[PDB]
Structures are given as C-alpha cells and as structure tokens.
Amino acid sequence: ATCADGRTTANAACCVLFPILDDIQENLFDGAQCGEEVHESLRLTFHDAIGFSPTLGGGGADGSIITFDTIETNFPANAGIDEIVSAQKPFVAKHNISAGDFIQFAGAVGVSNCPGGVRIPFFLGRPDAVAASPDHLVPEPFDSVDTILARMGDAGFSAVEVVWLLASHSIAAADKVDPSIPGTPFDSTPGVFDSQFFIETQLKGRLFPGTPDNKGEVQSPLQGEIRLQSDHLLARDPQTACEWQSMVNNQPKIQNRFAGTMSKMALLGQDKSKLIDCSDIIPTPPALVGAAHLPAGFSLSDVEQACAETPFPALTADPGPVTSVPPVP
C-alpha cells in the first residue's frame, strides 16, 4: 500500500501511523533520541498492559492507564508515571488511534531510537478501554520473586519471559525509588540497549547511591547506578538466574527475545487475529555501540555466581579507576 506522502506499508490501515511516527519523534522524543521520554514511554507499555488477569480482570493493553488516568495514576505501583501519561494524552487526543494502540506504538518507536535496539512487532486495532485496571496487578520491586513470577505468569509469561522483558531495564532509570537521586539508571549505559544491565546486576553490591532505607532498593555496585531489590533477586533466583546470565554478551538473543516478548505483552487482553500487522512502520534502530564489559576496576571475582548450570563468562573490565555513572538528563 502507498500512503499519503508516498511512504509505503503492507497494510494500508497502517498509513495512519506515519504522521503519528513523525509527531512523536519530534515532539515527544526530543528529535528521535533514546532519553527520558523514550524510557518513560517504554515503562508505560508495561504498566498499561500488565493490568490483565484471566480471573482478577483488567483489559490489559487497552490504554486504560490514559483513559482512566485519574484512577490508575493514583495506584502506589504507578508512582512516577503521571508525567508520561500527561505528555502522551494530547497525542492521543490529536491523533486518530486508540490509547491502547498509541501506548504500544510509542514504546516500539521509542525502543527503535536506542543504539542496539530492536524492531518490536506492532499491531493496530485495539478497541478503547472499558474500565480502569484493578489495582495490585503491577509488580512492585519489593514483591517476592515468586510473587512477581506468579503475577507475570497469570498474565501469560513464563519465568524466562520475565527475564527477557527486563532487558528494558538496560534503557531505564528510577525517579521515585530514591527521590534524592532522580534519573539514576539501572545500568551504566541507559542510552544503549545492551547487556550491561544483566552484567552489572550480577556484581556484588557495594554502596547505596543515595539514601539507604528506600523500599524496593538494595545496594548498588556503582556510584550513580541504582539496583532494584527485584532485579537483584531475579539475577540470583534458581528460576531465572541462568537465563539472566545467558543474556550477558548475547546481543542477538536480547534483541530477538525482547522483541517477541514485548509483542506478546503488547497483546495482553487482545487477540492478534483481530488486529492489523503494522510492524513495517517501526524504524530501523541504530547499531549497538560499546561492547560487553565489567565496569572499570572490577574483575570476575566481583561477580556473584548464581547460575547452577554454567559459570558466568569472563569479561574484560574497562581500564582505569572506578567511576560514577551520570544520571539520565
């Protein structure tokens, strides 16, 4: 099919997405960058979608976190997402797609801006939300590992799928976990979609990067990096440790599994056979930059081995003294 300006796509319904693509790239993502708006939009995809349970209810990836923002942004687990919900709302208002489609589309376009990123399949046609999500369906970083896995399982994800979706923490920071240091990232390369998250969470903790008594946070290996309690434990739990370790220096697997599992997340509450394939709209991401490494001054003896079947791979360290990671602007 050929769209209004001559750009093409397999399914013509998808032509609606070209001016939306252009508008969010310029006016949401600061000129197609992998920065804070892309990171918040990616988080939003999960907080919208995971509000789904075959028994507890919720419409899943239905745009409810925007349509019913006054309800959902008041759930404690949604702290900090009000900003991106406010930023996206006028795009939904202006443009010609459901809030469900818009959230997942913005997250996919966002990921494609990040060096190392992957094109996440995108389907169009989600109906409008019927009702606010129930509260208590979004995992919290202070939840037990088995609780997080059971919650994700109830929505349809295996434990290894949860590991793959957490590749998102490779381009991610926290503003509310420790509000003394907002914008502190979960890995040393929040602008690069890469394996450093899976490496750096496996290091022995050393220090709190800000204050010491924040719920859902544990010690970080690096100044200027924050570590969630949930990620710390998922990196070490028998259900997930070996899969977590398997991501290290495995860019193609991180890309392939993130894409396929985000597509599945993006379809929670929906039926792929009742939607239109618009995957060809998503831009080609930039090449990965950098290579898998231990942080400066670390060695393999600083890794806490938790995978019972295979040892953690040796990785070179960056040269020099240890360093601080700058916050996400």
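Residue numbers run from 1 along the displayed sequence.
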On average, which has the higher Cα B-factor in the deposited entry, 172 to 180 or 228 to 236? 172 to 180
The stretch whose C-alpha atoms carry the larger average B-factor in the entry, 38 to 46 or 299 to 307, is 299 to 307
Return the residue from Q196, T147, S133, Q255 that has the highest Cα B-factor in the entry. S133
From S188, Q245, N74, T201, residue of greatest CA B-factor: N74
Which third of the chain holds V85 when residues are ordered by C-alpha B factor: lowest, middle or highest? middle
Among all modelled residues of this chain, ranked by Cα B factor, put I103 in the bottom, middle or top third, i.e. lowest, middle or highest. lowest
Going by the entry, which third of its chain does the Cα temperature factor of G205 land in? lowest
Among the modelled residues of its chain, does the C-alpha B-factor of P127 lie in the lowest, middle or highest third? highest
By the record's CA B-factor, is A93 among the lowest, middle or highest third of residues in the chain? highest
